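Protein chains in written order, with the working numbering: chain A, 7 to 166; chain B, 7 to 166; chain C, 7 to 166; chain D, 7 to 166; chain E, 7 to 166; chain F, 7 to 166; chain G, 7 to 166; chain H, 7 to 166. Taking it in order: structure first as C-alpha cells, then the write-up.
Protein chains: 8
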Amino acid sequence: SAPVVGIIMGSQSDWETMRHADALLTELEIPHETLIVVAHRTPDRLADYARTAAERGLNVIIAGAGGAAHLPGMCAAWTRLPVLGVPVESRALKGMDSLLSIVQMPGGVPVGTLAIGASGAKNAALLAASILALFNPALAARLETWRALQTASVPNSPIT
Amino acid sequence: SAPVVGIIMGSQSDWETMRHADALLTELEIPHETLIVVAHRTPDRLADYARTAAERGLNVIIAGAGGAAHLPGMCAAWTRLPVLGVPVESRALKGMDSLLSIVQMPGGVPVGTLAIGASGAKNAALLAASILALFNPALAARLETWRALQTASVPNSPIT
Amino acid sequence: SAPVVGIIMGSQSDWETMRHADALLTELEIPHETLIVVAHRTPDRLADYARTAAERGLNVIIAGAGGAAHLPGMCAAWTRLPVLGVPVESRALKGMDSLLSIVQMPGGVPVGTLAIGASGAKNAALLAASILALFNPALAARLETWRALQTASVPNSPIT
Amino acid sequence: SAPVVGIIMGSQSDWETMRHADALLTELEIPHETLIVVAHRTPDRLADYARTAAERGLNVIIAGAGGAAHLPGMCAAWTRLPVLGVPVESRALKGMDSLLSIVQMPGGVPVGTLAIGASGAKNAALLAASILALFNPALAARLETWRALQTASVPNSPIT
Amino acid sequence: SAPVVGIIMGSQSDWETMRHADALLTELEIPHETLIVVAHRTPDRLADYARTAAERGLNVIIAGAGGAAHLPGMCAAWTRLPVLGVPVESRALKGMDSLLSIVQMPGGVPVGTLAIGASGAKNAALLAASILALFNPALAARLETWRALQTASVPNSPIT
Amino acid sequence: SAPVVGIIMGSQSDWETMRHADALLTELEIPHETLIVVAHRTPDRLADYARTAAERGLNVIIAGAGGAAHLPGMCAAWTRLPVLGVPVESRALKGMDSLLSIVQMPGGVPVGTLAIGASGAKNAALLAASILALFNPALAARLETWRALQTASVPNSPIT
Amino acid sequence: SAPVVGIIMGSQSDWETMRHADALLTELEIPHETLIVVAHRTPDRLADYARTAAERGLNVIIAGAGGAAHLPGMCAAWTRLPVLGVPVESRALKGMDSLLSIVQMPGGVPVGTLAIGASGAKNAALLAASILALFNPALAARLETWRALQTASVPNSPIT
Amino acid sequence: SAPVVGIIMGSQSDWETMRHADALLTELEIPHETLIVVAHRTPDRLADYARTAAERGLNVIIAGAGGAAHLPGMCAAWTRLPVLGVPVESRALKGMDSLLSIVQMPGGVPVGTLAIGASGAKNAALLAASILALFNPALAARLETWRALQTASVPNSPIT
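Here's what the structure looks like:
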C-alpha cells in the first residue's frame, strides 16, 4: 500500500535512532517509506523529495538528523505537510546541537520537534499516528487501543 | 463555528507569547478557543479539558508554558489528539528550562515542540494548520496562499 | 506500621536511583511505601495518589523522575503535603533536563529539589526525616545520632 | 510570638528576592525572623545562627544567596532542621551558578532547593508552611484555604 | 565593479549585525553585494544564489542567520566557494542556538564560523579579505595597513 | 614541493583529531607541513611560526587545540593569512571550552572555526582547499570532482 | 613608588570592570600600574610586557578580558609571576566564553581565575593583596583591617 | 620541615585529582600537608583549619572539591591567606557544578580557581609555587628551571 508517512534521515548512523519510528508505524499498520536524505551532500535530492511529497500522497514527514541538523527544517521549507523532527544524539554535545538546530525554527516555517534520541523517534511516529487518526477512523481505534494498553500495562511498584 | 484548535496557556503573562498563535489561527480562519489552563494551579481543570477535548470536537491542542513547563505534557497524557508545545521564555533561564521540560517527553506520549517564544507560538499555529489542511481542502488552499505570500514578500536586499 | 512517607518514581529504571531513599528511610526506622507512578502513562493514578495521600496518613512524598520530569510537580499540584523531588540522571543531558523540569516550579506550588542522582535520593530521605523529626522525638534523637556519627566518621587524611 | 521560621540572605540586594518569602509567611501568619547572614563575610555569624536555631525554637530555615551560593549548604551543615535553599538570580549567569551551587549537595546533608528567583522565595515559604502544617492544625487549615484560593482565582481566559 | 564577495542574511533584523561586514568590505574597497536570502522562506532563491555564485564571479560568501540557523550550511551545500558563517544573536538563547547550528557542520561540507554577533560579522569580512589577499596584491597591502593601524591605534592606558 | 598549508596543534594528543586534516590535504594533493606548536609552553615558537608563515610561502594555517584553546587565535594575531581553527574535544566539557575559546574572537582578528572534533579537522582541510582553489585551477577541478563524487555516493535508503 | 602589581585589560570597554581592581589596590595602598594590553591586537606588546614584568619589579599580574579571552593565559606563558585572570562579561554569552577560555588552562601554565565581572576584578585585587601580604607585614595588617571591616559592617537585617 | 602549603579535599575520591598537586609540590621541594576536610560533614574542623592556618605557618591553601563545592570558598572566608580552588570533576555535570560553585565567589572573598580536574590540581601547585617564589630565591630558581625545561621539552612535530 502507498506510503502516507515518509521517514528520512541524514545518515546510516541515524538509523539506530530512526528505526524506532519505523517499528512503531509498522506496529500501527501505517504504510510508510524510509530513506536517507542528506541535507548538505544531496541538497537537490532534499528539495525534490520535500516539494513532491504531497503530490506523492505523503501526509506527514518524520526527519531525523544530528549535529548541525538542517534536514527537518529545510524539508519544511519545501513542503506544506507537517514535518516532525527527531534530534539524533551527537557524540560531543549529546544532541544539544541537534536539538537547538531543529527546534529553534524562526516564525513562519514549523518543525514539530520530539525528544533527543530513541524516545523522540518513537514519539514522532506516535505523533504522526495521532495526526492521521484525525481522519482515519480505523487507525484512530487502533491508536486508542494502543494508548489504553500502555496505561493498563504500568506496574504498581518497582522490583525491589 | 465550533473550535477545532484549543490554545491553552499557564498564565496571563503567557498571553504576550501565545497571542501570536491566536492571531495566526484567526488569519487562516481556523475556529479556535483561547483559554488559561494551569498545570500546577488548576490540575483538575487540565485533566477535564484534555480528556474531553476530542469529544468536544477539538482536533489539535496548542499549549504554552514557561519554567518547569508541564502543561503540554500532562495535556498529552489525557488526550489522543496531537498536542503542540510552546516553550514560553522564562525570566532567568530564557526558556531553556521551558524547552527541556516540554521537548524531552518519554517515549509513549508525544508533544510536538516549537521554538522558544513568539516564533514558537506562531509556528504551533502554522503546524496545527498544516495538520488540519490534510483533510480540509479549503484551508489547505488558504495555507498554500499564506506560505506563498510569506515566500514572495521577502525583499531582495536590506533597507540600509 | 502505616506509611508516613511515600516514595514514588516514574519507571523501574528509576529504582536504581530511588532505592537509596528507600534504604535510608529503613535505616532511620521510618515506615514508608514505594510505588511506580507514571505521570504521562497513568495520570489519573497520579491524581488519585496525590490527592488521597494526606487522608491516608502520608506526611511527605519523595518523587523521582528523569527527562521531562513532571511527576514531582504534578504530585505537588494535588497535595498540600511537602513534596521532595529527585532528578534522575538521563542519558543524553545527564539529568539537566530532569533538574530544570523539577526545580523550576512557578511560584505557588513548591517542590523541594535535591541533587541529580543517588545523592539526591539519599538526601530526599534525610530531608524527609528532618521534617518528621520536628514532631517525632524518638526519630529526632535517631537523626541527631546519625548526623553526629557521620561527622565523627570522617577521616583526617586521604589514603595516599 | 517567637519565630518558627528563619529567613536568611547573603546581602541587601538579595532582599528584592527574599521579600517574597517574607510576604508569604506573613500572609499565612507564620511567626518568622528575617536576617542577613553572609557565608563568606560573616562565617562565624552563620555557624552560630545555624547551630543554635533549633534551641531557639526555629523549625525551618529558608536561605537565599546568589553566585557561588554557599549559605544554604553551610547552614544545613550546622543544623538538624530542614534547610530550604533559594537560588538568587545572579547578574551574569542568571542564577545558574546559584542553582548548581545550592542543589548539588553531596549525600548526607540535604538542602531542599526551590526555583531561581522570586518564584523560589515564594515557594520556599509555602514549602515551609506545608512542613509546619503537618503538626499545626490551624495553620494547615489556613494553607488549605490559601491553595484553594490560588486554584479558584485562575481566570478561564486571558485578557486580550 | 563586479562583486567578489556576497553578504547574505536571513532577515532585515539581521542587518543590524551584518552591516558590520558590509562596512568593513567597503573600507577595504572590496566589491560586494548585500542581499536577503532566507533558508526557510526562500529556499529556491537560496539554491539559485549559491549554485550560480561562482559563475557570477563571487569568490567568498558571508552568510548570517539566527536561531536554527541553516543559511550558511545550505549555501555551502550548493557551492564550492568558501562560505563563512555569522551566528546572529537570538533573543532567548543569545546566539548559542545560532552558533551550534552553524559551526557543527558534518565532515564534507565546511562553514568557517565566526563569533556571535557584530564581532563575527566584522571578522567574516576580514577573513574574506585575508582569503582574497592571497591572490590580489593591492588588497593584500591595504589589509596589511588595516591590521597595522588596528595594532598601532591601541592606547597604552584606559581613560579613567 | 613547498608547503602551502600549515597544520599546527597543541599536543600529540591533538593528532588523533588533526590527522583527518592531514589526510584530506594529501588526498587533494595539497603540499603541507604538520607541526606541534604549544601556545602556553612555546609562545615564542608560536610567534615566530605565525609571523614568518606568509614569507615562507604558506597560504592558510589550520590550527587545532582543546580546553583553553588559544593557539588558533594567537596565530591569527601574528599573521595576515587566513587561520582556520579546529576545536579539539576535551574530556570534561566535551570541547565546549575548546569551541568558545576559538570561535568567540573579538572583532578585528578572525579565526574561521569548524566543528568540534574529527569533522572539524576534515572540514578545515576542505575549507583550506576551497580557498586555494580560487587561484589554483587544477586544484579547483580536483575539488569539484571530490564534491561531486561525495554527492553521487550517497545511498538512497538505510540498511534496515 | 614602583608598581608591584600590573592590571592589564583588553580594551577601554573592559575598564568598566577592571576599575574595581584598580580601586581596591588603591584602597590598600598597593603601588600598581593600569594598562591596556590586547592579546590579539598587540601581541608583541603582550609578550614584552609579560616577559619583562619580573625584572621591572612586578610581583603579580591581574589580567581581564572577554569573549575568547586569551590575555591572562598568554601573559602566564611569558612570565614566572602569578597571573590572576578576570573574565569580563561578554554581550551574548554573559562571560561564559570568557570564563572557560581563561580557567581551563592546560597543566603546566596556571592562571588563578576569579568570578565573571566586577566581583572578579575586586577579588583579583584582594587575592593579589593576600599574596603580597605573605612577605609585607604592613600590608598584611591593612588587609586584616580590610577583611575585619568587611565582616563587621554587614547589617543584621535587611532594610525593608 | 614545617608545611607552608596545605592541600585539603572533600573526600577520598578527590585524591585521584588532588594527588597531582601533592606530586608537584614534592617535585619542587615545597613542604606541605595533605588532609581531608569536609565542608558539610565537618564544618567546625574546616573553620578551625582555616582560621589557624596562618599562625601554623601555612602560606597558601589549595582546596579541591566537587559538586556543590563549598570547601574552597568557606576556607577563604576564615583565612587571609591566598586560597586556590580545584574543581573536581563530578559524574553527571562533568565538573561544571564544581567550577561554578568555586569560581563565582561574590566580591570581597577571593578563590583563585584552576581548571576542572587533574590539570587544575597540577596548576594549583604551580601557582602556589609561583607565589612562594616571590620571597624564596632558591625556590624561584627551581621554578625558573622547571618552566624552562617544560618549554625546551616540547617536540617539533607529532608522531604521525
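The C-beta atom is built at its ideal place from N, Cα and C for all residues, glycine as well.
Original post:
Between H/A121 and A/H46, what straight-line distance do the alpha-carbon atoms span, to the nearest angstrom?
Top reply: 37 Å
Original post:
Nearest chain A C-beta to F/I165 closer than 8 Å, yes or no?
Top reply: yes
**OP:** Assuming D/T119 and D/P161 form a contact by the criterion Cβ under 8 Å, report the distance between their Cβ atoms to the nearest whole angstrom.
**Re:** Rounded, the Cβ-Cβ distance is 31 Å, inconsistent with contact.
Original post:
Mind checking C/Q18: buried by the 16 CB within 10 Å criterion, or exposed?
Top reply: exposed
**OP:** Any chance you could list the alpha helix (DSSP H) runs of at least 4 consecutive residues sitting entirely within the region 34-87 of chain H, in chain order?
**Re:** 49-58, 77-84
Subject >> Whole-Å CB distance - B/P164 paired with E/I42, under 8 Å assumed >> reply: 6 Å
Subject >> Cβ pair count under 8 Å reaching 3, the region 111-118 of chain B against the region 128-144 of chain A >> reply: yes
Subject >> The beta strand (DSSP E) enclosing G/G91, as first and last residue numbers >> reply: 89-94
**OP:** Buried or exposed for F/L155, please, with buried defined as at least 16 other CB atoms from any protein chain shown within 10 angstroms of its CB.
**Re:** exposed
**OP:** Check each candidate in C/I36, C/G73, C/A8 and name the one with the smallest Cα separation from B/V109.
**Re:** C/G73
Original post:
Secondary structure at B/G16, three-state DSSP: helix, strand or coil?
Top reply: coil
Original post:
Which partner residues of C/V11 appear in the DSSP bridge assignment?
Top reply: C/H38, C/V66
Subject >> Classification of H/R86 by the beta-carbon crowding that lies within 10 angstroms, buried from 16 upward >> reply: buried
Original post:
By DSSP, does H/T32 sit in helix, in strand, or in coil?
Top reply: helix
Subject >> DSSP three-state assignment for F/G126, whether helix, strand or coil >> reply: helix
Subject >> Coarse secondary structure for H/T166, derived from DSSP in three states >> reply: coil
Original post:
For chain A, is any of its Cβ atoms less than 8 Å away from the one on B/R25?
Top reply: no
Original post:
Do D/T32 and D/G70 have their C-beta atoms closer together than 8 Å?
Top reply: no
Original post:
Going along the chain, which residues of the region 110-139 of chain A sit with their C-beta nearer than 9 Å to a C-beta in chain E?
Top reply: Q110, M111, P112, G114, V115, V117
Original post:
For the alpha helix (DSSP H) that B/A158 lies in, which residues bound it at each end?
Top reply: 143-158
Original post:
Quick one, which of C/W84, C/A29, C/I36, C/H26 has its alpha-carbon nearest C/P9's?
Top reply: C/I36
Subject >> Sub-8 Å separation of A/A124 and A/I68 beta-carbons >> reply: no
Original post:
Relative to the alpha-carbon of E/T166, which residue among G/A29, G/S7, G/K128 has its alpha-carbon at the smallest distance?
Top reply: G/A29
**OP:** Pull up the distance between the alpha-carbon of C/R97 and that of A/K128, whole angstroms please.
**Re:** 16 Å
Original post:
Leaving out five residues before and five after F/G91 in sequence, what residues of the same chain have Cβ atoms less than 6 Å from its Cβ?
Top reply: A69, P78, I108, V117, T119
Subject >> Residues near A/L52 in its chain [Cβ-Cβ closer than 8 Å; skip 5 each side] >> reply: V43, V44, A45, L77, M80, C81, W84
**OP:** Return no unless some Cβ of chain A is closer than 8 Å to the Cβ of E/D103.
**Re:** yes
Original post:
Between which two residues does the alpha helix (DSSP H) carrying G/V109 extend?
Top reply: 102-109
**OP:** Thinking A/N65 and A/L138 are a contact (beta carbons under 8 Å), I'd like their distance in whole angstroms, please.
**Re:** 6 Å
**OP:** Measure the beta-carbon distance from C/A60 to C/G12 and round it to whole angstroms, keeping in mind my assumption that it falls under 8 Å.
**Re:** Their Cβ separation, rounded to whole angstroms, is 11 Å, which puts C/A60 and C/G12 out of contact at 8 Å.
Original post:
Exposed or buried, G/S104, counting other C-beta atoms within 10 Å across all chains shown (16 or more means buried)?
Top reply: buried
Subject >> Beta carbon proximity, F/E95 to chain E, threshold 8 Å >> reply: no
Original post:
If we cut at 8 Å on Cβ distances, does D/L106 have a partner in chain H?
Top reply: yes
**OP:** Look at the alpha carbon of A/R148 and the alpha carbon of B/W152, and state the distance between them as a whole number of angstroms.
**Re:** 34 Å
Subject >> Buried versus exposed call for H/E95 [16 or more other C-beta atoms within 10 Å across all chains shown] >> reply: buried
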